[PDB]
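Engineer: Below is the file my_file-v6.pdb, with PDB, C-alpha atoms.
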MODEL        1
ATOM      1  CA  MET A   1     101.463 109.130  91.834
ATOM      2  CA  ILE A   2     101.309 105.423  92.685
ATOM      3  CA  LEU A   3      99.298 105.456  95.919
ATOM      4  CA  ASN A   4      97.915 102.327  97.584
ATOM      5  CA  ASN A   5      96.112 102.734 100.931
ATOM      6  CA  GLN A   6      98.299 105.300 102.782
ATOM      7  CA  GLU A   7     101.697 104.649 101.193
ATOM      8  CA  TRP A   8     103.468 106.183  98.201
ATOM      9  CA  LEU A   9     105.889 104.415  95.865
ATOM     10  CA  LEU A  10     108.441 107.066  94.932
ATOM     11  CA  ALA A  11     111.331 105.621  92.923
ATOM     12  CA  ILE A  12     113.124 102.435  91.889
ATOM     13  CA  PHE A  13     116.889 102.591  91.346
ATOM     14  CA  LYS A  14     119.642 100.203  90.272
ATOM     15  CA  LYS A  15     122.810  99.278  92.144
ATOM     16  CA  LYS A  16     126.143  97.638  91.341
ATOM     17  CA  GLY A  17     127.411  95.065  93.830
ATOM     18  CA  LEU A  18     131.021  93.943  94.207
ATOM     19  CA  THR A  19     132.021  90.600  95.737
ATOM     20  CA  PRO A  20     135.761  89.908  96.049
ATOM     21  CA  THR A  21     137.866  86.880  95.235
ATOM     22  CA  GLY A  22     141.135  85.902  96.868
ATOM     23  CA  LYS A  23     143.297  86.336  93.773
ATOM     24  CA  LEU A  24     145.765  89.219  93.484
ATOM     25  CA  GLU A  25     147.962  90.712  90.765
ATOM     26  CA  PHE A  26     150.930  93.061  91.044
ATOM     27  CA  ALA A  27     153.514  94.765  88.845
ATOM     28  CA  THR A  28     157.286  94.273  88.645
ATOM     29  CA  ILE A  29     160.184  96.621  89.398
ATOM     30  CA  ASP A  30     162.114  95.384  86.368
ATOM     31  CA  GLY A  31     160.937  98.040  83.907
ATOM     32  CA  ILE A  32     161.926 100.925  86.176
ATOM     33  CA  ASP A  33     165.534 100.374  85.307
ATOM     34  CA  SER A  34     164.925 100.627  81.594
ATOM     35  CA  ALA A  35     162.745 103.685  82.207
ATOM     36  CA  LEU A  36     165.539 105.403  84.150
ATOM     37  CA  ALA A  37     168.137 104.438  81.541
ATOM     38  CA  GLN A  38     165.988 105.997  78.817
ATOM     39  CA  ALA A  39     165.256 109.067  80.951
ATOM     40  CA  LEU A  40     168.934 109.810  81.597
ATOM     41  CA  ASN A  41     169.569 110.400  77.888
ATOM     42  CA  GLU A  42     167.440 113.554  77.754
ATOM     43  CA  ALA A  43     170.071 115.340  79.855
ATOM     44  CA  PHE A  44     172.674 115.125  77.079
ATOM     45  CA  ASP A  45     170.178 115.871  74.307
ATOM     46  CA  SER A  46     169.375 119.472  73.352
ATOM     47  CA  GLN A  47     172.978 120.533  74.041
ATOM     48  CA  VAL A  48     175.085 122.292  71.406
ATOM     49  CA  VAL A  49     178.637 123.605  71.073
ATOM     50  CA  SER A  50     178.906 126.816  69.063
ATOM     51  CA  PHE A  51     182.656 126.844  68.340
ATOM     52  CA  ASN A  52     184.719 123.726  67.687
ATOM     53  CA  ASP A  53     187.994 123.208  69.536
TER      54      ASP A  53
ATOM     55  CA  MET B   1      75.520  83.802 117.258
ATOM     56  CA  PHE B   2      75.077  84.316 113.518
ATOM     57  CA  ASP B   3      73.632  81.839 111.027
ATOM     58  CA  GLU B   4      74.975  81.328 107.513
ATOM     59  CA  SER B   5      72.092  83.427 106.190
ATOM     60  CA  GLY B   6      72.848  86.038 108.849
ATOM     61  CA  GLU B   7      70.087  85.814 111.433
ATOM     62  CA  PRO B   8      71.025  86.275 115.108
ATOM     63  CA  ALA B   9      70.500  83.962 118.067
ATOM     64  CA  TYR B  10      70.779  85.100 121.684
ATOM     65  CA  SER B  11      72.051  83.194 124.716
ATOM     66  CA  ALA B  12      74.256  83.555 127.792
ATOM     67  CA  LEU B  13      77.023  81.499 129.382
ATOM     68  CA  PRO B  14      78.792  81.387 132.757
ATOM     69  CA  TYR B  15      82.074  83.255 133.048
ATOM     70  CA  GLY B  16      84.180  80.131 133.544
ATOM     71  CA  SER B  17      82.781  78.309 130.519
ATOM     72  CA  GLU B  18      84.189  78.567 126.997
ATOM     73  CA  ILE B  19      82.194  79.202 123.831
ATOM     74  CA  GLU B  20      81.523  76.205 121.581
ATOM     75  CA  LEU B  21      80.056  76.895 118.142
ATOM     76  CA  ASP B  22      77.215  74.636 117.046
ATOM     77  CA  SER B  23      77.243  73.234 113.529
ATOM     78  CA  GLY B  24      75.370  75.492 111.139
ATOM     79  CA  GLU B  25      76.655  78.648 112.861
ATOM     80  CA  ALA B  26      79.363  80.784 111.276
ATOM     81  CA  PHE B  27      80.574  83.132 114.017
ATOM     82  CA  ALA B  28      79.629  84.547 117.408
ATOM     83  CA  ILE B  29      80.220  87.928 119.048
ATOM     84  CA  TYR B  30      80.217  88.355 122.829
ATOM     85  CA  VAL B  31      81.158  90.973 125.418
ATOM     86  CA  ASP B  32      84.647  90.669 126.891
ATOM     87  CA  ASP B  33      84.070  93.292 129.586
ATOM     88  CA  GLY B  34      82.317  91.841 132.612
ATOM     89  CA  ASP B  35      79.395  94.227 132.124
ATOM     90  CA  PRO B  36      75.795  92.977 132.141
ATOM     91  CA  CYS B  37      73.609  94.997 129.785
ATOM     92  CA  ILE B  38      70.600  95.139 132.114
ATOM     93  CA  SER B  39      70.183  98.821 132.940
ATOM     94  CA  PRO B  40      72.288 100.280 130.082
ATOM     95  CA  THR B  41      71.279  98.516 126.870
ATOM     96  CA  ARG B  42      73.948  97.801 124.259
ATOM     97  CA  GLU B  43      72.889  97.351 120.635
ATOM     98  CA  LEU B  44      74.796  95.971 117.651
ATOM     99  CA  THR B  45      74.331  97.259 114.093
ATOM    100  CA  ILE B  46      75.563  95.778 110.804
ATOM    101  CA  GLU B  47      75.696  97.485 107.409
ATOM    102  CA  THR B  48      77.649  96.953 104.202
ATOM    103  CA  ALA B  49      80.654  98.921 102.964
ATOM    104  CA  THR B  50      82.720  99.204  99.798
ATOM    105  CA  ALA B  51      84.564  96.072  98.727
ATOM    106  CA  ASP B  52      88.310  95.734  99.168
ATOM    107  CA  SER B  53      90.853  96.635  96.502
ATOM    108  CA  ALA B  54      91.616  92.926  96.005
ATOM    109  CA  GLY B  55      87.934  92.002  95.655
ATOM    110  CA  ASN B  56      87.319  91.018  99.279
ATOM    111  CA  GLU B  57      84.038  91.965 100.951
ATOM    112  CA  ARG B  58      83.906  94.165 104.054
ATOM    113  CA  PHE B  59      81.144  95.511 106.288
ATOM    114  CA  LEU B  60      80.760  98.098 109.044
ATOM    115  CA  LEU B  61      80.206  96.945 112.631
ATOM    116  CA  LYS B  62      78.849  99.550 115.047
ATOM    117  CA  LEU B  63      78.095  99.486 118.769
ATOM    118  CA  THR B  64      75.643 101.791 120.540
ATOM    119  CA  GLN B  65      74.516 102.406 124.118
ATOM    120  CA  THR B  66      70.945 103.294 125.089
ATOM    121  CA  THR B  67      69.769 104.292 128.555
ATOM    122  CA  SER B  68      66.409 103.490 130.130
ATOM    123  CA  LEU B  69      65.008 106.912 129.210
ATOM    124  CA  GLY B  70      65.850 106.532 125.520
ATOM    125  CA  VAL B  71      69.011 108.567 124.988
ATOM    126  CA  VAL B  72      71.182 106.864 122.360
ATOM    127  CA  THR B  73      74.964 107.260 122.213
ATOM    128  CA  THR B  74      77.674 105.836 119.965
ATOM    129  CA  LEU B  75      80.493 103.729 121.426
ATOM    130  CA  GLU B  76      82.618 102.141 118.682
ATOM    131  CA  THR B  77      82.756 101.608 114.918
ATOM    132  CA  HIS B  78      84.867  99.171 112.902
ATOM    133  CA  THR B  79      85.394  97.873 109.375
ATOM    134  CA  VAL B  80      85.450  94.071 109.451
ATOM    135  CA  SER B  81      85.961  91.436 106.754
ATOM    136  CA  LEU B  82      85.139  87.736 106.986
ATOM    137  CA  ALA B  83      88.003  86.830 104.633
ATOM    138  CA  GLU B  84      91.270  85.751 106.233
ATOM    139  CA  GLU B  85      93.454  87.953 103.995
ATOM    140  CA  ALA B  86      91.856  91.404 103.929
ATOM    141  CA  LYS B  87      93.143  94.903 104.606
ATOM    142  CA  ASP B  88      91.650  98.113 105.958
ATOM    143  CA  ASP B  89      91.611 101.506 104.279
ATOM    144  CA  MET B  90      94.509 102.406 106.591
ATOM    145  CA  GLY B  91      96.341  99.164 105.755
ATOM    146  CA  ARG B  92      95.458  97.291 108.947
ATOM    147  CA  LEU B  93      94.011  93.785 108.947
ATOM    148  CA  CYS B  94      90.228  93.361 108.878
ATOM    149  CA  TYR B  95      89.907  89.742 110.024
ATOM    150  CA  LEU B  96      87.153  89.770 112.632
ATOM    151  CA  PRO B  97      88.836  88.046 115.631
ATOM    152  CA  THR B  98      92.176  89.798 115.100
ATOM    153  CA  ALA B  99      90.624  93.245 114.666
ATOM    154  CA  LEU B 100      88.357  92.801 117.689
ATOM    155  CA  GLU B 101      91.284  91.644 119.832
ATOM    156  CA  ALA B 102      93.469  94.524 118.650
ATOM    157  CA  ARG B 103      91.383  97.699 118.529
ATOM    158  CA  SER B 104      88.272  96.983 120.630
ATOM    159  CA  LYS B 105      87.871  97.096 124.407
ATOM    160  CA  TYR B 106      84.250  95.865 124.514
TER     161      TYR B 106
ENDMDL
END
Kindly transcribe the structure held in the file into structure tokens.

Structural biologist:
Amino acid sequence: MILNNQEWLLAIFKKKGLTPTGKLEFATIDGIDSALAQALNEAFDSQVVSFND
Amino acid sequence: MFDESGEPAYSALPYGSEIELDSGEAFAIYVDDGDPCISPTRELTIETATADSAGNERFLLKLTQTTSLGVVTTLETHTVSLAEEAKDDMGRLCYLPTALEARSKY
């Protein structure tokens, strides 16, 4: 117990401060097309034909 | 008035006048209340106290009232330090003029 006169010192903590800057970064919509093109192929996969004709 | 050694000197001044400290005198204590001490006698007592946490020196100042018959009563008590930067046991300042202005009505 750190006690001086009539006051107690209880705890000392640590904080993380954040100060912003003006710069910004963003993604592109270009890869969504390739993603959809790849995703469409899983519809035709895992399909079989038992008897040939 | 108090000498450097600590002996007291008594005097009186008119109400309008202002106190001027002679060379060789450290400090003076007077009565703010417009009360002459003729019939009720007021006495001042000085004794030492424990030194401050930071090494400063402090003493106890007490005021008492005595009637003509001889009955003695206690009026006020204070802890006072001559050093400019001193603190009380409760954390308050102990500089003599500041403490007397703050928490004394006599």

Engineer: When the PyMOL selection byres ((chain B) within 9 of (chain A)) is applied to the file above, which residues end up in the set, as a list in words?

Structural biologist: residues 88, 89, 90 and 91 of chain B

Engineer: Given the selection you just returned, output its residues as a file containing C-alpha atoms, formatted as a PDB file, in the coordinates of the input.

Structural biologist:
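Saved as result24.pdb:
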ATOM      1  CA  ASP B  88      91.650  98.113 105.958  1.00  0.00           C
ATOM      2  CA  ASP B  89      91.611 101.506 104.279  1.00  0.00           C
ATOM      3  CA  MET B  90      94.509 102.406 106.591  1.00  0.00           C
ATOM      4  CA  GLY B  91      96.341  99.164 105.755  1.00  0.00           C
TER       5      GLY B  91
END

Engineer: Need the shell around residue 79 in chain B: protein/DNA/RNA residues with any atom at most 7 Å away, counting only C-alpha atoms. Skip same-chain ones fewer than 2 positions apart. Format as a list in words?

Structural biologist: residues 58, 59, 60, 61, 81 and 94 of chain B

Engineer: Would you save the residues from that selection as an mmCIF file, in the coordinates of the input, using C-alpha atoms?

Structural biologist:
data_model
loop_
_atom_site.group_PDB
_atom_site.id
_atom_site.type_symbol
_atom_site.label_atom_id
_atom_site.label_comp_id
_atom_site.auth_asym_id
_atom_site.auth_seq_id
_atom_site.Cartn_x
_atom_site.Cartn_y
_atom_site.Cartn_z
ATOM 1 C CA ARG B 58 83.906 94.165 104.054
ATOM 2 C CA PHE B 59 81.144 95.511 106.288
ATOM 3 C CA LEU B 60 80.760 98.098 109.044
ATOM 4 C CA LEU B 61 80.206 96.945 112.631
ATOM 5 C CA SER B 81 85.961 91.436 106.754
ATOM 6 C CA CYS B 94 90.228 93.361 108.878
#

Engineer: In Å, how far is it from CA of residue 18 in chain B to CA of residue 4 in chain B?

Structural biologist: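 Rounded to one decimal, the two atoms are 21.7 Å apart.
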
Engineer: So how many Å separate CA of residue 20 in chain B and CA of residue 99 in chain B, to one decimal?

Structural biologist: 20.5 Å

Engineer: So the first atom is CA of residue 103 in chain B and the second is CA of residue 77 in chain B; what is the distance between them in Å, to one decimal place?

Structural biologist: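 Computing it gives 10.1 Å between the two atoms.
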
Engineer: Go through B:50, B:104, B:23, B:39 and flag the residue nearest residue 62 in chain B, using only C-alpha atoms for the distances.

Structural biologist: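 Looking only at the distances to residue 62 in chain B, the closest residue turns out to be B:104.
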
Engineer: Which one is closest to residue 44 in chain B: B:85, B:101, B:25, B:76? Count all atoms listed in the file.

Structural biologist: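 Closest candidate: B:76.
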
Engineer: Please supply range 19-45 of chain B, rebuilt with N, CA, C and O atoms, as an mmCIF file, keeping the file's coordinate frame.

Structural biologist:
data_model
loop_
_atom_site.group_PDB
_atom_site.id
_atom_site.type_symbol
_atom_site.label_atom_id
_atom_site.label_comp_id
_atom_site.auth_asym_id
_atom_site.auth_seq_id
_atom_site.Cartn_x
_atom_site.Cartn_y
_atom_site.Cartn_z
ATOM 1 N N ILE B 19 83.194 79.216 124.893
ATOM 2 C CA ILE B 19 82.194 79.202 123.831
ATOM 3 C C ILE B 19 82.481 78.051 122.877
ATOM 4 O O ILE B 19 83.616 77.877 122.417
ATOM 5 N N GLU B 20 81.453 77.263 122.579
ATOM 6 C CA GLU B 20 81.523 76.205 121.581
ATOM 7 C C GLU B 20 80.483 76.481 120.507
ATOM 8 O O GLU B 20 79.297 76.645 120.815
ATOM 9 N N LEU B 21 80.924 76.527 119.254
ATOM 10 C CA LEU B 21 80.056 76.895 118.142
ATOM 11 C C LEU B 21 79.338 75.660 117.615
ATOM 12 O O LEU B 21 79.981 74.679 117.225
ATOM 13 N N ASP B 22 78.011 75.717 117.603
ATOM 14 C CA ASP B 22 77.215 74.636 117.046
ATOM 15 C C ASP B 22 77.379 74.583 115.531
ATOM 16 O O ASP B 22 77.647 75.593 114.878
ATOM 17 N N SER B 23 77.221 73.384 114.977
ATOM 18 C CA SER B 23 77.243 73.234 113.529
ATOM 19 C C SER B 23 76.082 74.003 112.913
ATOM 20 O O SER B 23 74.982 74.055 113.470
ATOM 21 N N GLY B 24 76.334 74.610 111.757
ATOM 22 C CA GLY B 24 75.370 75.492 111.139
ATOM 23 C C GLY B 24 75.489 76.945 111.541
ATOM 24 O O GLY B 24 74.733 77.777 111.026
ATOM 25 N N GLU B 25 76.408 77.276 112.445
ATOM 26 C CA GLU B 25 76.655 78.648 112.861
ATOM 27 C C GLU B 25 78.036 79.084 112.391
ATOM 28 O O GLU B 25 79.010 78.332 112.510
ATOM 29 N N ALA B 26 78.114 80.301 111.853
ATOM 30 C CA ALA B 26 79.363 80.784 111.276
ATOM 31 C C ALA B 26 80.267 81.407 112.334
ATOM 32 O O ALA B 26 81.417 80.990 112.507
ATOM 33 N N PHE B 27 79.763 82.409 113.051
ATOM 34 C CA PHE B 27 80.574 83.132 114.017
ATOM 35 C C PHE B 27 79.684 83.657 115.133
ATOM 36 O O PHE B 27 78.463 83.755 114.989
ATOM 37 N N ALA B 28 80.316 83.992 116.255
ATOM 38 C CA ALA B 28 79.629 84.547 117.408
ATOM 39 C C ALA B 28 80.395 85.753 117.928
ATOM 40 O O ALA B 28 81.624 85.809 117.849
ATOM 41 N N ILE B 29 79.653 86.722 118.459
ATOM 42 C CA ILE B 29 80.220 87.928 119.048
ATOM 43 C C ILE B 29 79.689 88.054 120.467
ATOM 44 O O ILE B 29 78.473 88.004 120.682
ATOM 45 N N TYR B 30 80.592 88.220 121.429
ATOM 46 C CA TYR B 30 80.217 88.355 122.829
ATOM 47 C C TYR B 30 80.938 89.548 123.440
ATOM 48 O O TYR B 30 81.749 90.212 122.792
ATOM 49 N N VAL B 31 80.628 89.818 124.704
ATOM 50 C CA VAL B 31 81.158 90.973 125.418
ATOM 51 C C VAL B 31 82.294 90.510 126.318
ATOM 52 O O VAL B 31 82.088 89.696 127.226
ATOM 53 N N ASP B 32 83.498 91.034 126.070
ATOM 54 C CA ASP B 32 84.647 90.669 126.891
ATOM 55 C C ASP B 32 84.578 91.320 128.266
ATOM 56 O O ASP B 32 84.868 90.676 129.280
ATOM 57 N N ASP B 33 84.209 92.597 128.315
ATOM 58 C CA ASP B 33 84.070 93.292 129.586
ATOM 59 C C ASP B 33 82.988 92.633 130.432
ATOM 60 O O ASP B 33 81.914 92.288 129.937
ATOM 61 N N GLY B 34 83.275 92.461 131.718
ATOM 62 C CA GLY B 34 82.317 91.841 132.612
ATOM 63 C C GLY B 34 81.165 92.759 132.959
ATOM 64 O O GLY B 34 80.899 93.014 134.137
ATOM 65 N N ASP B 35 80.471 93.255 131.943
ATOM 66 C CA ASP B 35 79.395 94.227 132.124
ATOM 67 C C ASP B 35 78.068 93.651 131.665
ATOM 68 O O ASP B 35 77.852 93.500 130.447
ATOM 69 N N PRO B 36 77.155 93.310 132.570
ATOM 70 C CA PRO B 36 75.795 92.977 132.141
ATOM 71 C C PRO B 36 75.124 94.191 131.523
ATOM 72 O O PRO B 36 75.356 95.332 131.928
ATOM 73 N N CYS B 37 74.284 93.935 130.527
ATOM 74 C CA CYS B 37 73.609 94.997 129.785
ATOM 75 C C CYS B 37 72.185 95.212 130.278
ATOM 76 O O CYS B 37 71.281 95.491 129.487
ATOM 77 N N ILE B 38 71.960 95.084 131.585
ATOM 78 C CA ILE B 38 70.600 95.139 132.114
ATOM 79 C C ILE B 38 70.075 96.569 132.101
ATOM 80 O O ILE B 38 69.110 96.887 131.396
ATOM 81 N N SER B 39 70.697 97.457 132.880
ATOM 82 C CA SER B 39 70.183 98.821 132.940
ATOM 83 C C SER B 39 70.643 99.653 131.743
ATOM 84 O O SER B 39 69.802 100.313 131.118
ATOM 85 N N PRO B 40 71.940 99.671 131.369
ATOM 86 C CA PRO B 40 72.288 100.280 130.082
ATOM 87 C C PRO B 40 72.252 99.247 128.969
ATOM 88 O O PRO B 40 72.964 98.240 129.029
ATOM 89 N N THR B 41 71.437 99.478 127.949
ATOM 90 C CA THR B 41 71.279 98.516 126.870
ATOM 91 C C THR B 41 72.297 98.783 125.771
ATOM 92 O O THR B 41 72.491 99.928 125.351
ATOM 93 N N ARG B 42 72.949 97.720 125.313
ATOM 94 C CA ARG B 42 73.948 97.801 124.259
ATOM 95 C C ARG B 42 73.413 97.118 123.010
ATOM 96 O O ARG B 42 72.979 95.963 123.067
ATOM 97 N N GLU B 43 73.445 97.831 121.889
ATOM 98 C CA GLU B 43 72.889 97.351 120.635
ATOM 99 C C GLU B 43 73.983 97.235 119.584
ATOM 100 O O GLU B 43 74.944 98.009 119.577
ATOM 101 N N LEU B 44 73.824 96.262 118.695
ATOM 102 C CA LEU B 44 74.796 95.971 117.651
ATOM 103 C C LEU B 44 74.148 96.191 116.292
ATOM 104 O O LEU B 44 73.028 95.727 116.053
ATOM 105 N N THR B 45 74.848 96.897 115.406
ATOM 106 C CA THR B 45 74.331 97.259 114.093
ATOM 107 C C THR B 45 75.304 96.807 113.014
ATOM 108 O O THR B 45 76.520 96.949 113.167
#
